[PDB]
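Below: the structure, in structure tokens.
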Amino acid sequence: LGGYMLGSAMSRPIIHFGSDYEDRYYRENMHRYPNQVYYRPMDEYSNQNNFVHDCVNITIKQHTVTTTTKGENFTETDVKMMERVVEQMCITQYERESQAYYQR
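According to the entry's author numbering, the stretch in the sequence shown is residues 125 to 228, in order.
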């Protein structure tokens, strides 16, 4: 990283994968899942969808480095389940920061 920050910690979402097996599969592991998303302040860039797509990729990467360095390596399906959780939180943090963009 460098230049990034970490936003407010929020509720680890129950994504519905449409199989309650998968919902609960993440849900058992959800203690280890990320609790907050890495983000950046409102410089110039903002964007909706592509900024989330970056915030996702960063937070998953920083899992896949900083947590995987700990001998805790993910698999593709676990990464995708994280991507969803991180996306869900990040949609929210963006929307929240956009309320203070209006306050400027």
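The beta-carbon is built from N, C-alpha and C at its ideal position, and this holds for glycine as well.
Around the beta carbon of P165, a 10 Å sphere encloses fewer than 16 other beta carbons of the protein chains shown; the residue is thus reported as exposed. In this structure, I138 lies away from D144, with their beta-carbon atoms at least 7 Å apart. For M154, the secondary structure class from DSSP, reduced to helix, strand or coil, is coil. Restricted to the segment 129-194, the alpha helix (DSSP H) segments that are unbroken, complete and at least 4 residues in length are 144-153 and 173-186, listed in chain order. For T201, the enclosing alpha helix (DSSP H) covers residues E200 to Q227. If you draw a straight line from the Cα of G142 to the Cα of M205, it comes to about 13 Å. It is roughly 20 Å from the alpha-carbon of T192 to the alpha-carbon of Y149.
Ranked by how close their Cα comes to the Cα of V161, the residues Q223, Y226, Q227 and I215 have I215 in first place.
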